[PDB]
Amino acid sequence: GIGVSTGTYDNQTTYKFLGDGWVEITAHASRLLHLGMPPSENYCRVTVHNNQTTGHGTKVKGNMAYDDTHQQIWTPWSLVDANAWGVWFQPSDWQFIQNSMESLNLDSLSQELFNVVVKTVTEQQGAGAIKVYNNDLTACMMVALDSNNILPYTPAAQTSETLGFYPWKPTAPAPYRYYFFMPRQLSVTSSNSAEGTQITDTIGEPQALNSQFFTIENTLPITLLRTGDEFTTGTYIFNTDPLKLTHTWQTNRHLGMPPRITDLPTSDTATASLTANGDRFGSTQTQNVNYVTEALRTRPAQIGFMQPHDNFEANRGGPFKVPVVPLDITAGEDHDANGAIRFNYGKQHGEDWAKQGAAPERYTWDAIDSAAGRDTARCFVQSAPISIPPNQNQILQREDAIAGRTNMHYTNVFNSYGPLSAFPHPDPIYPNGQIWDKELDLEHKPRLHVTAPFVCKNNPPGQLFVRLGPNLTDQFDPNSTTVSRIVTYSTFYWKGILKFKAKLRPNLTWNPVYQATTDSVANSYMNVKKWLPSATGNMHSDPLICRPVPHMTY
Amino acid sequence: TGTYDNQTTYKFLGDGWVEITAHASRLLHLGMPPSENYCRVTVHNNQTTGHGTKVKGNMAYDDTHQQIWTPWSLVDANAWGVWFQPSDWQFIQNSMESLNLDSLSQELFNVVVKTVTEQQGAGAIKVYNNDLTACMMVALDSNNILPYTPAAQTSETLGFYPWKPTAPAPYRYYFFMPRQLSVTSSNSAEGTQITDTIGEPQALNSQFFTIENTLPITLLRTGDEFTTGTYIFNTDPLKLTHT
Amino acid sequence: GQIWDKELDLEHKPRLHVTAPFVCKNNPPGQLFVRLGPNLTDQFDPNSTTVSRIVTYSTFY
Amino acid sequence: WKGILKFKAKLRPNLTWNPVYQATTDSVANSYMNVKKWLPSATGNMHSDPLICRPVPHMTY
Amino acid sequence: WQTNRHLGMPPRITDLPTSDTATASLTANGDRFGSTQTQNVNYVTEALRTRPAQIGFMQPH
Amino acid sequence: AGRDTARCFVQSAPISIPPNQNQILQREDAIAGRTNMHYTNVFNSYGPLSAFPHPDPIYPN
Amino acid sequence: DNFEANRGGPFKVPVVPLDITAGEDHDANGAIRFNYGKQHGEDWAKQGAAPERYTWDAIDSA
Amino acid sequence: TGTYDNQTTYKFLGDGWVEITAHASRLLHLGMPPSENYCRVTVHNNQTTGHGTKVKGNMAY
DNA sequence: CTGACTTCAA
DNA sequence: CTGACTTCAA
DNA sequence: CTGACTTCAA
Ligand SMILES: [Cl-]
Ligand SMILES: [Cl-]
Ligand SMILES: [Mg+2]
Ligand SMILES: [Mg+2]
Ligand SMILES: [Mg+2]
Ligand SMILES: [Mg+2]
Ligand code: NA
Ligand code: NA
Ligand code: NA
Ligand code: NA
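Top line first, the protein sequences correspond to chains A, B, C, D, E, F, G and H.
Under PDB author numbering, the letters of the first sequence match residues 38 to 165, 168 to 593, in that order.
Under PDB author numbering, the letters of the second sequence match residues 43 to 165, 168 to 287, in that order.
Residue numbers for the third sequence follow PDB author numbering, so the first one is 472 and each next one is one higher.
Residue numbers for the fourth sequence follow PDB author numbering, so the first one is 533 and each next one is one higher.
Residue numbers for the fifth sequence follow PDB author numbering, so the first one is 288 and each next one is one higher.
Residue numbers for the sixth sequence follow PDB author numbering, so the first one is 411 and each next one is one higher.
Residue numbers for the seventh sequence follow PDB author numbering, so the first one is 349 and each next one is one higher.
Residue numbers for the eighth sequence follow PDB author numbering, so the first one is 43 and each next one is one higher.
Laid out in structure tokens, this is it:
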């Protein structure tokens, strides 16, 4: 029937305390969604090629990093993506979880579409002309669920296109599009390259060996929803690894038995002494010196490691910045060397509704981790047999230039990843961060993904697609390319239920622990005012810290 | 989806006990909120003239406070006039010695949603049509998480006339905001400074709640209805006699 | 006059309330809230603050 | 001397939108909540200052 | 065949190509949503975008 | 998963776009003054994020 | 001899113990040199504060 | 004749209830009493100077 | 009424 | 289909 | 009378 609702709206976050410290967290999320007609009903093979010889074109010397050229299959379908922390938790929920829990893991997911409404638009009068909206009671909306994951995975969180983060504000799905293989090659140059230097900037034709054109219609069963219909996905069970809600601080210099002091400090302002390093017990892996020091001591393994930056590698697909594992930026504040992430988002995902201009909000996330990062400027390599102190020919440091390039140092191309490397898992970023991810279908997989905390061990939740069915008008001739449609749009509710499994943290230190808190200090990053509505209701939800409590590594 | 009933029935148990059942029904009107946002609004009547708190001795005129204005409305029937005819009150007061609350239940039905459009131009008239698929949202704070706001105190409960339409009251609640006002009389010195301040939100006392994040919400289309179920009161009997 | 009231959630409570004859000993009847759901129009862009809605109202018993 | 004192407590609910006030430690010099105050000194001197309680607010009515 | 440049949601074009020989445009990289691991620049580009992992790698030779 | 070594390059950080010759290391740059030796000959970008296919089965040899 | 740096200061990155080879590259192949006292191997007769020192080269030859 | 224990344990019952068991242990020192008698002692600070109760307005002392 | 690229976590 | 600040007067 | 940071490899 047309006069009865097909679902219930619910946004509540409930905490079921099992006992033994286990907690079942059930995050209910509901949104009103708006869906319009596609600008085209065709699947299009679109190309973007920013090869201008001015501005930010790839045809100007040294502009490789500006490359945007690629090819995509544009589809008339839309994607309903809720894979972002902000969709499921209120800021206070995140705080409660981060301050009191030690671990968190994905449990299950289910989604539902209901209370579908389809309307048509018509013109009124002439002077004026106003628009009139009517119900198309017999019109329908199409829904498809890629449960087998046949179609390319496209996490909307990476382009800030997931559903909004405000339960009381309408949202919309994102238009679905996916990459298509297209040969692409770009020459490398610097702003100092010769004047008559030719920049090779090419794009090729489709290749038989790598072409994959998929349509929703030929691969997924499609459900038609009229105003009285509803759609449910059923429950999906996640298979992922638990995420630690704690952060580590022990570096290589903090592993094991500290050297024994000779005597306790003589006063509260005094320092202590060790026994002369020439008479000290211990071990090192520098056999040319007869002493041990904290810097030379052998430690079990290597916490963290040096990563090349800003490394750009090249493929048939063009140049690309190689991702880096997110680690502590250190006191040296080496953002790029330690993979700090800078994201740009809009008003549905955190930006102040009052902010003006086309520019999005920007935020740089630095790893909570304090023990695995690298302070590149203070790093160095000495020749062996080691000499202490070394002369300039026996040491390679930040001041030394590679291939005579003033700003290029051994650390830019240095990679110390090895069998002894140990490091933490990337932080979960509230509320902009992605939550789960699909694993790459390659025989040899990565140990982690930089973009999300939970990579699905098994098949991930399939994507949910929607679109309006064509609304034809009396004039229709298949043999012509003339397109005559009735202006239509729809709205419907979406409800998702995401369940987590968490565990309350133990408490054993003497000193109080660090906790995410709010405050009343003017201009403070944690001022309550930031999480309250303004006089006219404007909101903004800034990134919140996570993993505030430290845990012992060894 | 429901039946209209306003009758007040008296079930005489015997032994002098009486079960009084007050049925009340009203047609309600609900419009769109002037805003869909939750707003943190401030009122500060600190004018230096008239009834401002900036004029000597006007402390008692203070109206400054802060509130969370919401796009929701409250259906409040907690006032005697909603349940009894004047004669009922008279009968009870003249013949009874005690009265106590027993139970309560509420229901929303025969929902109707309409849209308004403009006609012609000279004139322009309004035309009203049924949105058969549109809905009205309903929420019941059975746990009492949200601030209690008895509409009787601002004369905003449902009307007292069964044959006249009424409307719910817009829901809004107090929010903590530092406020301080000096004391003076009309005879205070001329150059007397009146301290009249309001502060910023305080972390220690800020509580911003939304209906959407705390209560399950039901969507009612024209063919749906909503019932609360029966609630049992636990209160002390009221003496109908005076000393 | 008001008929029932919620008790103040303080450890030490008042012997009565001036505004109502019956203060609930236990949890009082929860409040009933209502509102119209937004009625969107063909033009809608979440990234803008432009608000385009269909003029709507309702009645119910 | 050994004593065993048992308590019964209940985890708090979480319903507000805005983050809540929490007792935390910090690294700001001369701050009342600087960690240094709850750590031993070079010679082992200790001191335990009063800590806040009831940081989270609840609605009275 | 998917390289790092082919992983995930492609950037959204502003409009569909105007003809079969035309190209499409993205929104100015200074106003584009997305993420990178180069915090010194306020824009996102296909080459700078953060991708899940690294497909393939450089080997000494 | 392959690498087009001549089109690979490394820039200094904070990144500068476009970079001048001292802010970029490319194929034209010589290591230890050896004309044909470039950073890519001794570069190894294998890491925790590396993903790649399995070698092909070669028929019939 | 790779020294990396952290909030904790500089430190020599450990190396996997492997054959030092005919070239006798101790540091490149993580040979371990330890210093110990009379309870753990040093000759009880030895005099001086200096501990006993020994460099262990991996049995591994491959 | 006993065991020393200072641990504070948290037994999470479920439903949010928690049984907190605080164990406390101390080494105590006990000396001889300065007297073995029960004494009826009097303190009377009625000096006419300093903080005595014999100086005007010193009642609170 | 999600299951690893179809049906078919039947 | 009202139950004391979630689920859960289950 | 060792069990992954409490109790609680109960
Ligand atoms: Cl940097
Ligand atoms: Cl050596
Ligand atoms: Mg299936
Ligand atoms: Mg299948
Ligand atoms: Mg309930
Ligand atoms: Mg409850
Ligand atoms: Na030592
Ligand atoms: Na850090
Ligand atoms: Na985009
Ligand atoms: Na050997």
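Every residue, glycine too, gets a C-beta built ideally from N, C-alpha and C.
- By a beta-carbon distance limit of 8 Å, residue 541(A) does not contact residue 587(A). Their separation comes to about 15 Å.
- Fully contained in the stretch 178-251 of chain A are the following beta strand (DSSP E) runs of length 3 or more, in chain order: 180-184, 213-219, 223-225 and 240-242.
- The beta carbons of residue 490(C) and residue 109(B) sit about 19 Å from each other, so the pair does not count as a contact at 8 Å.
- Not one beta carbon of chain E lies nearer than 8 Å to the beta carbon of residue 321(A).
- Assignment of beta-bridge partners to residue 62(H) by DSSP yields 539(D) and 52(H).
- When DSSP states are grouped into helix, strand and coil, residue 350(A) belongs to the strand group.
- At a cut-off of 7 Å, the beta-carbon of residue 299(E) counts as near ligand 9: some heavy atom of the ligand is closer than that.
- Residue pairing for residue 158(A): DSSP places it in a beta bridge opposite 172(A).
- Distances from the CA of residue 240(A) to each of 412(A), 457(A) and 226(A) were compared; the closest alpha carbon is that of 226(A).
- Taking 7 Å as the cut-off between beta carbons, none of the residues of the stretch 99-119 of chain A comes near chain H.
- The Cβ-Cβ distance between residue 303(E) and residue 76(A) falls below 8 Å.
- For residue 437(F), the chain A residues whose Cβ falls inside 8 Å of its Cβ are 227, in order along the chain.
- Taking 8 Å as the threshold, the shortest C-beta distance from residue 371(G) to chain A does not fall below it.
- Note on geometry: alpha-carbon atoms of residue 583(D) and residue 339(A) lie some 39 Å from one another.
- Secondary structure at residue 570(A): helix, using DSSP grouped into helix, strand and coil.
- In this structure, residue 65(B) lies near residue 48(B), with their beta-carbon atoms less than 8 Å apart.
- Interface with chain D (8 Å Cβ-Cβ cutoff): residue 465(A) is excluded.
- If you check the CB distance, residue 485(A) and residue 460(F) come in under 8 Å.
- Straight across, the Cα-Cα distance linking residue 247(B) with residue 81(B) is about 18 Å.
- Chain order is used for the residues whose beta-carbon lies nearer than 6 Å to a heavy atom of ligand 1, namely 373(A), 374(A), 375(A), 423(F) and 424(F).
- The DSSP assignment places 321-323 as complete runs of the beta strand (DSSP E) inside the stretch 263-331 of chain A, in order along the chain (cut-off: 3 residues).
- For residue 193(A) against residue 313(A), the beta-carbon gap comes to about 57 Å, at or over 8 Å, which does not count as contact.
- Setting aside the 5 residues that flank it on each side, residue 83(A) is surrounded in the same chain by 109 and 111, each with a C-beta closer than 6 Å to its C-beta; the list follows chain order.
- Here the alpha carbon of residue 283(B) sits roughly 6 Å from the alpha carbon of residue 139(B).
- The continuous alpha helix (DSSP H) containing residue 135(A) extends over residues 128-137.
- Nearest to residue 254(A) by alpha-carbon distance, out of 79(A), 571(A), 44(A) and 550(A), is 79(A).
- Look at residue 420(A): its C-beta is not under 8 Å from any C-beta on chain F.
- Straight-line measurement puts the Cα of residue 182(B) at about 13 Å from the Cα of residue 529(C).
- Per DSSP, reduced to three states, the secondary structure at residue 438(F) is coil, with no helix or strand assignment.
- Between the alpha carbons of residue 410(G) and residue 593(A) lies a gap of roughly 32 Å.
- When CB distances to chain C are screened at a threshold of 7 Å, the residues of the stretch 384-395 of chain A falling below it are 385, 386, 387 and 392, in chain order.
- By the C-beta criterion, the stretch 367-382 of chain G is judged to be in contact with the stretch 316-325 of chain A, since at least 3 inter-stretch pairs fall below 8 Å.
- Shown here for residue 155(A): same chain residues with a beta carbon closer than 6 Å to its own, the five before and five after excluded, namely 175, 178 and 529 in chain order.
- Under the Cβ distance rule, residue 353(A) counts among the residues neighbouring chain F, one pair being separated by less than 8 Å.
- Of the residues 478(C), 515(C) and 518(C), the one whose Cα lies closest to the Cα of residue 494(C) is 478(C).
- Under the three-state reduction of DSSP, residue 149(A) is assigned to strand.
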